[PDB]
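> need coordinates for the following:
(2 chains)
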Amino acid sequence: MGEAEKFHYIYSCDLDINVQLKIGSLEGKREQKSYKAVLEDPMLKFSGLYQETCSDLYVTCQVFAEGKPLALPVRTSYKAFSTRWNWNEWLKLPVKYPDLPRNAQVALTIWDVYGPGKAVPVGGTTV
Amino acid sequence: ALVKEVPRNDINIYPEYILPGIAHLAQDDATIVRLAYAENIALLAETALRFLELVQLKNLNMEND
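Numbers count the residues shown, from 1 in each chain, chains lettered A, B, ... in the order given. Below is the structure:
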């Protein structure tokens, strides 16, 4: 059991630095579609779902407040994944500490390749 | 963007009040302000341009009245 007799805090309006969130690793299995699904849309074969290794996914993080995006989405640099999706990348968000409203949320969407030039979401989370 | 008719007293509202009134925002110290400026500078200009086109059409019609 740790200890801390004093709580040190700062008002979000007083921290004049950008808010950074590091998208770490995505742990878990992404389910493959049936062959009938590949028959319905042949482009599915060329999708990242059909790469045997962990596809090189990236997460675009955009801050929303009251449903309106505060800034443009920031994307993780391309990284080649072998056995695990581990980005370990500190993302510099386009939102400053004083500019975040109380109801501010970060939406992170993981995207994979879906044929030539088309990205399809693998899945999303909002915190 | 909702202004569809320009009152006679505001024909020069854009060059002297709208555009000069927000011009200081394009250089604001707060990045959120400059961001709001960059996000809207394109819209503000397009809105002023719509106003100028309406004033010109109205002037052409008033000259033909």
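> let me see the contact set for residue A:114.
Applying C-beta atoms under 8 Å, 6 or more residues apart in numbering or on different chains, we find residue A:114 in contact with A:43, A:47, A:48, A:120. Backbone N, C-alpha and C define where each C-beta goes, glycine included.
> actually residue A:42, not the one I typed
Residue A:42 neighbours (C-beta under 8 Å, 6+ apart): none.
> who in chain B is up against chain A?
Contact residues (C-beta under 8 Å from any C-beta of the partner chain) of chain B with chain A: B:30, B:31, B:32, B:35.
> thought the third one was touching residue A:97?
What that stands for is residue B:32. No: with contact defined as C-beta atoms under 8 Å, residue B:32 does not reach residue A:97; the gap is 10.9 Å.
> output the longest strand belonging to chain A.
strand A:85-96 (DSSP state E).
> CA atoms only: put the helix or strand just after it into PDB for me.
Scanning forward in sequence from strand A:85-96 by DSSP states H and E, the next helix or strand is strand A:104-113. The C-alpha trace of strand A:104-113 is given here as PDB (Å, rounded to 0.1, in the frame of the first residue of the first chain):
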ATOM      1  CA  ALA A 104     -14.000  16.600 -23.800                       C
ATOM      2  CA  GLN A 105     -13.500  13.100 -25.000                       C
ATOM      3  CA  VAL A 106     -10.800  11.400 -27.100                       C
ATOM      4  CA  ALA A 107     -12.100   9.200 -30.000                       C
ATOM      5  CA  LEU A 108      -9.500   6.700 -31.200                       C
ATOM      6  CA  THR A 109     -10.400   4.700 -34.300                       C
ATOM      7  CA  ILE A 110      -8.200   1.800 -35.500                       C
ATOM      8  CA  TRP A 111      -8.100   1.500 -39.300                       C
ATOM      9  CA  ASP A 112      -6.800  -1.200 -41.700                       C
ATOM     10  CA  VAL A 113      -6.300  -1.300 -45.400                       C
END
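> now the angle from strand A:104-113 to strand A:85-96?
Interaxial angle, strand A:104-113 versus strand A:85-96 (axes from the mean of the first three to the mean of the last three C-alpha atoms, to 10 degrees): 140 degrees.
> which elements pack onto strand A:104-113?
strand A:18-26, strand A:58-65, strand A:119-126 (3 or more C-beta pairs under 8 Å, 6 or more residues apart in numbering or on different chains; DSSP states H and E).
> could you give the number of residues near the closest residue to chain B within chain A?
For chain A, the residue positioned closest to chain B under C-beta to the nearest C-beta is residue A:99, at a distance of 4.0 Å. When neighbours are counted by other C-beta atoms under 10 Å in any protein chain shown, residue A:99 registers 23.
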